[PDB]
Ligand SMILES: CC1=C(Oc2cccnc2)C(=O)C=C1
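Form deposited without this ligand, single chain, as structure tokens, below.
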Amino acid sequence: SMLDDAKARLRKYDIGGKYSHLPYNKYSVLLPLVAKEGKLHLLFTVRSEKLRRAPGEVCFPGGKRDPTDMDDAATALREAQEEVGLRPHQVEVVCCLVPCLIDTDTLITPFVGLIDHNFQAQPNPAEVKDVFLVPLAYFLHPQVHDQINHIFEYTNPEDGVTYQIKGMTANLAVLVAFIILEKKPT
């Protein structure tokens, strides 16, 4: 099946807890995969304009590890719940992808999660301005704009709204698209 095939692909790239005990400032992100209309999608958030860091920008759910978290996957799930109302029973964490080093002292660990088909986002408006899906295949043929660094522009055909996706968020989206969609018969 589509989902069993995606999970099997993802597991081959799992680094697990290899880098998890290193003494960094630690954040986790959830790369949430949603199956709709017979295709896989990634779920993104638009950060509230009220936030200090990166107001109005597109990013994955997640946040800073806190002492309650059993592990880095727990960070991602706790923060996703706070931000978009995703409950742990609504997500199957499939793997941990390559962590992202930033600012010399920070390590961001991405987890890919399969999201229940009945999930409907309940965003905290203090943190999240918007939630939207992008088909995973978009990231194989994105609409690229140069700002010099590459920015993706995705227009939702449901409503004509264009979102800019860039940086780590764009990079991770492409990675997941490659992992899951490469070398597939039609």
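Residues carry their position along the shown sequence, with the first being 1.
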query	finding
Residues of the deposited sequence left unbuilt between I148 and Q147	10 or more
Higher-B stretch (mean Cα B-factor, as the entry records it), 9-17 or 171-179	9-17
Comparing 117-125 with 63-71, the one whose average Cα B-factor in the PDB entry is higher	117-125
For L42, the third of its chain into which the C-alpha B factor falls	lowest
Position of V29 among the chain's modelled residues by C-alpha B-factor, lowest, middle or highest third	lowest
Within-chain third of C100 by Cα B-factor, per the entry	lowest
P110 CA temperature factor, ranked by third within the chain	lowest
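Beyond what is shown, the protein has a form solved in complex with this ligand; the following relates to that form.
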| item | value |
| --- | --- |
| 4.5 Å heavy atom contact, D116 to this ligand in the deposited bound form | yes |
| is_contact(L133, this ligand) in the deposited bound form, heavy atom dist at most 4.5 Å | yes |
| Partner contact for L40 in the deposited bound form: this ligand, 4.5 angstroms, heavy atom | no |
| In the deposited bound form, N149 touching this ligand (heavy atom, 4.5 Å) | no |
